[PDB]
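> no sequence for this one, just the structure:
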Ligand code: NA
Ligand code: NA
């Protein structure tokens, strides 16, 4: 069969290929194995001059084709247009966007540079699957090199409505790049419709009866493929890690007090000051909960200036809140800037009574799904979920909140902590059924099936 | 005889100018109030200790002015609460500036309900009611709760955001229910109209019928765009009439033959005034031959109301002007004249006519009448060039402007340079293109079409109210 060629930010190396490490590898590895495929991308290293060609490593049936990045290439890929302009606008934080023509040129340049590195490895029937917004121009660069392969794109972050997308000055050129793919996939129907609205309402193209989009002289399959999880594997890990030292230490320190879990990387889409302040407001509104519940916020370390500014802000907010309420043997907010292995987080989730997942905007949010899947069905926790996370379209048993009303989040936390078992179980089973009906293999299998349909129609 | 038009808005000003060259809501509605012997209801601009028992009644010719004072508490809940802290920033696509507060939202509903009860006692059954802008969005719903069955129309003067952005307002569903209490809901542009329609249709609230009406919340709503225009011939005449005034002569002498870029904005976060200044700076850096040969005049009529925002923006702009003037100024050249001053309207038109470029690039604007006033002021024998933000409502009409994305400073700088050097023939082609649009949608079109749609509501209700023989 035709090889699957995965193109992404970072090729998983070594221990990062274990399913317990999560990440893109667990999503694509079965398909790479089935097809004898190739995973192409960065090796995580900075090199003094550009690599002549990708380094080649084979593990069983899968080939890993990796390059280093020079300082300039790294800066143009990670510290330029994609994170200064695309990321904030697509997360509805365009007040933070800063467009720069030279950075945009560098974004195009590094994409063309990587496409040139990949093209020499391709067989004409390889199925190419490109992941996320740093690589949006990748198919277009391949088309300019004469690549006629099936190419698919999956966008892991939101796609904004046309009014918001236009905050990115080259929006029309970006949409042209997205039409260089044969398949363009999004997390949710709302993302898919935003892209379709841009094409249709600006007179760029039309939807045919089959649902395909005809735009920029090409025919594009446009669909939503919401990324799920493996709920049975998560539940098993949640159980298996319940006696590990970090879990026991938290269990012991809580002394039977209730636990709210929250896990986020530090960026301005997460609303973490709001997260802390709504927990503060809950304790002020219902002081009977003081001394009886703690919030644990975990942030894996990761823009050095943005990360450090948020971390200092949150350290100050946690310190202020704790100074207002803390008692003997009670810390209201435990803010941990640490990387725990995924399976430990699942054990933390299972122990907790509330999962507090309220980003201001999120393309999906896998923590919300992992939280549900970790719960003991005989005593399950309650998910409090932002309506602006993609997962909200699926997790209909969550307590949904608009994080722009701090009192809504405070009210939801109080309701979650007080919820009778029978309702917690009804909501849990409702969410778990949805997780089981759209597990991670659905994303992989349906997207690959659509790439194969391109090839079938091609022949 | 015809039914009274009842205008409901923020402020009833005594004896405001309503000549065609004038500005303000009065010039937009006065002809309709005079023609129908109507009533203008709203605030008298005064603070009172306790709520007014009933509105004061003043007649001027054929028009009645029905006004109340506001207590400090009512003033704060109307002007310094939910409308300006939450609605205004979200509708201008600045969710990051919004600060929702439940008690402020309750206060917004409360003052609308209070004002509606004051109006209701003055109504006759056939009155046509026309409510203006976002501070009064819940007004029809409050009237309906009082049993008012009159035709009621709403016109939103600011943008209406797409549903993904509207949902940043936590009570968005209730606000849209309020908007469906109107028989007519009018917007500045087709995009605003479509954003509202998108909310209704895609969220399963209601449906569009064949005639384009919206069926939602048990009501039938006419949803349409009525872009607000100006009287361009009146503006041009006023500009010429003021061409000899001392300040015009003063400015011309101060320029010393230099080209003039004009910009006039109130200070708020939708205007992008930092970007405005920085793109002018970038143009002077990119095309240094323009140094000493062009000046930017930025006029910002003071609006000390919302003191924190006004002072913060003013401080930021003073720093930017200080930096840019420090970079480029010479012995006899101030690159950016930044004037926190109020000028007579007709003087501004004369300044527009003198200038070569109108620089109107807000980050977001429901319409922007300065852009239309700029074009209307030009001498067609040597007309200036309008540089216009694509996020201003007027961009849908002023197709002869150099349209720019104000988030792209280099594009704005390039447009300024192109505008300043544009050959006469192209300047005239663009000017006449824009002027023809202004003349085909002058301010009377807004007034006449909206009032006609209110009258159509009344006529339809009359048709279904009877089935028996007539004549
Ligand atoms: Na639990
Ligand atoms: Na002029």
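In hand now; what should we look at? Residues are numbered from 1 along each chain as shown, chains lettered A, B, ... in the order given. Ligands and ions are numbered 1, 2, ... in the order given.
> now the residue nearest to residue A:408 when sequence neighbours are not counted, which residues is it bridged with?
Excluding its sequence neighbours, the residue lying closest to residue A:408 (CB to CB, 6 or more residues apart in numbering or on different chains) is residue A:401, at 4.8 Å. Bear in mind the C-beta positions are built from the backbone N, C-alpha and C, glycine included. Beta-bridge partners for residue A:401, by DSSP bridges, are residue A:386.
> Please name the residues that touch residue A:401.
Contacts for residue A:401 (CB atoms under 8 Å, 6 or more residues apart in numbering or on different chains) come out as A:358, A:384, A:385, A:386, A:387, A:408, A:409, A:412.
> Emit the ChimeraX select command for whichever of those are buried.
In ChimeraX, this line selects whichever of the contacts of residue A:401 come out buried by 16 or more other CB atoms under 10 Å in any protein chain shown:
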select /A:358,384,385,386,408,409,412
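> what is residue A:69 paired to in the beta sheet?
Here residue A:69, judged by DSSP bridges, has bridge partners residue A:46.
> pretty sure it is in contact with residue A:79, am I right?
No. Contact criterion CB atoms under 8 Å: residue A:69 and residue A:79 do not qualify, at 11.3 Å.
> quick one, which of the two is more surrounded?
A side-by-side neighbour count of residue A:69 and residue A:79, using other CB atoms under 10 Å in any protein chain shown, places residue A:69 first with 22 against 14.
> hmm, back to that, which one of the contacts of residue A:401 is nearest ligand 1?
residue A:384 (13.1 Å; CB to the ion).
> Would you mind giving the secondary structure of that closest one?
strand (DSSP: H, G, I helix; E, B strand; the rest coil).
> quick one: it from ligand 2, how far?
59 Å (CB to the ion, to the nearest Å).
> Do a quick rundown of the strands in the stretch 251-400 of chain A.
In the stretch 251-400 of chain A, the strands defined using DSSP state E, counting those that start in this stretch lie at A:258-263, A:293-298, A:333-336, A:354-357, A:382-386, A:399-401.
> Which SSE is immediately downstream of the last one?
Sequence-wise, the next helix or strand downstream of strand A:399-401 (DSSP states H and E) is helix A:406-417.
> What strand or helix carries the residue in the stretch 51-200 of chain A positioned nearest to chain B?
At 3.9 Å from chain B, residue A:169 is the closest residue in the stretch 51-200 of chain A, using CB to the nearest CB. Taking DSSP H and E as the definition, residue A:169 sits outside all helices and strands.
> List the contacts of it.
A:99, B:405, B:407, B:408, B:411.
> Verify the stated contact: residue A:384 with residue A:356.
Yes. If you go by CB under 8 Å, residue A:384 and residue A:356 touch, sitting 5.3 Å apart.
> what touches both of the two?
Each of residue A:413 lies in contact with both residue A:384 and residue A:356 under the rule CB under 8 Å, 6+ apart.
> what are the phi and psi angles of the closest residue to the residue of the stretch 51-200 of chain A closest to chain B other than its chain neighbours?
In space, and not counting its chain neighbours, residue A:169 is closest to residue B:408: 3.9 Å by CB to CB, 6+ apart. Torsion angles at residue B:408 (phi, psi; degrees, to the nearest 10) stand at phi -120, psi 90.
> Confirm for me that residue A:224 is in contact with residue A:187.
Yes. Contact criterion CB under 8 Å: residue A:224 and residue A:187 qualify, at 6.6 Å.
> who has more neighbours, those two?
Using other CB under 10 Å as the criterion, residue A:224 and residue A:187 rank with residue A:187 on top: 26 against 16.
> and that one, what is it in contact with?
A:155, A:156, A:157, A:158, A:224, A:225, A:226, A:227, A:363, A:364, A:390.
> Could you give the bridge partners of the fifth one?
Beta bridges link residue A:224 to residue A:186, judged by DSSP bridges.
> Contact partners for it?
Contacts of residue A:224 (CB under 8 Å, 6+ apart): A:185, A:186, A:187, A:188, A:189, A:191, A:192.
> Of the residues you listed, which is the nearest to ligand 2?
residue A:191 (46.1 Å).
> what about residue A:329, neighbour count?
10.
> how close does it sit to chain B?
34 Å (CB to the nearest CB, to the nearest Å).
> so that residue sits right up against residue A:255, yeah?
Yes. At 6.4 Å, residue A:329 counts as touching residue A:255 under the criterion of CB under 8 Å.
> got the residues of chain A near ligand 1?
Within chain A, the positions near ligand 1 by CB under 5 Å from the ion are A:375, A:381.
> Tell me which residues touch the residue of chain A found nearest ligand 1, please.
Of all residues in chain A, the one sitting closest to ligand 1 is residue A:381 (3.5 Å; CB to the ion). Contact analysis of residue A:381 by CB under 8 Å, 6+ apart lists A:349, A:350, A:352, A:353, A:354, A:355, A:371, A:375, A:416, A:424, A:428.
> Please repeat the previous calculation with a cut-off of 7 Å.
A:352, A:353, A:354, A:355, A:375 (CB atoms under 7 Å, 6 or more residues apart in numbering or on different chains).
> do the same with residue A:342
Neighbours of residue A:342 in contact, by CB under 7 Å, 6+ apart: A:20, A:21, A:22.
> Of these - the most surrounded one?
Going by other CB under 10 Å, residue A:22 tops the contacts of residue A:342 with 20 neighbours.
> mind checking how far that one is from ligand 2?
On the measure of CB to the ion, residue A:22 and ligand 2 end up 63 Å apart.
> Likewise for residue A:370?
63 Å.
> Pretty sure that residue sits against residue A:235.
No. Counting by CB atoms under 7 Å, residue A:370 does not reach residue A:235; the two are 10.0 Å apart.
> Those two - which one has more neighbours?
residue A:370 (24 against 19).
> Can you name the residues that contact that one?
A:229, A:234, A:346, A:349.
> Could you dump these into TSV with neighbour count added?
Listed next are these as TSV, based on neighbours: other CB atoms under 10 Å in any protein chain shown:
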residue	neighbour count
A:229	23
A:234	26
A:346	28
A:349	23
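> Most widely separated two among the residues you listed?
Comparing every pair within the contacts of residue A:370 by CB to CB identifies A:229 and A:349 as the most remote, at 11.9 Å.
> Domain-wise, how is chain A divided?
Domain segmentation of chain A under curated CATH domains yields A:1-230+A:438-456, A:231-437.
> Endpoints of the last one, how far apart?
Spelled out, it's domain A:231-437. 10 Å (CA to CA, to the nearest Å).
> Would you agree residue A:192 is in contact with residue A:222?
Yes. In this structure residue A:192 lies within contact range of residue A:222 using CB under 7 Å: 5.9 Å.
> And these two? Which one has more around it.
residue A:222 (22 against 19).
> For residue A:256, the count of nearby residues, please.
Neighbours of residue A:256 (other CB under 10 Å): 7.
> Which single residue in chain A comes nearest to ligand 2?
Counting by CB to the ion, chain A gets nearest ligand 2 through residue A:169, at 28.6 Å.
> Just give the number of residues close to residue A:271.
Neighbours of residue A:271 (other CB under 10 Å): 21.
> got it, and the one 10 residues further on?
Counted with other CB under 10 Å, the neighbours of residue A:281 add up to 19.
> tell me the contacts of it?
Neighbours of residue A:281 in contact, by CB under 7 Å, 6+ apart: A:406, A:407, A:410.
> Please verify my assumption that the last one contacts residue A:286.
This points to residue A:410. No. Residue A:410 is beyond contact range of residue A:286, at 8.6 Å (criterion: CB under 7 Å).
> That's all I had, so thanks and see you.
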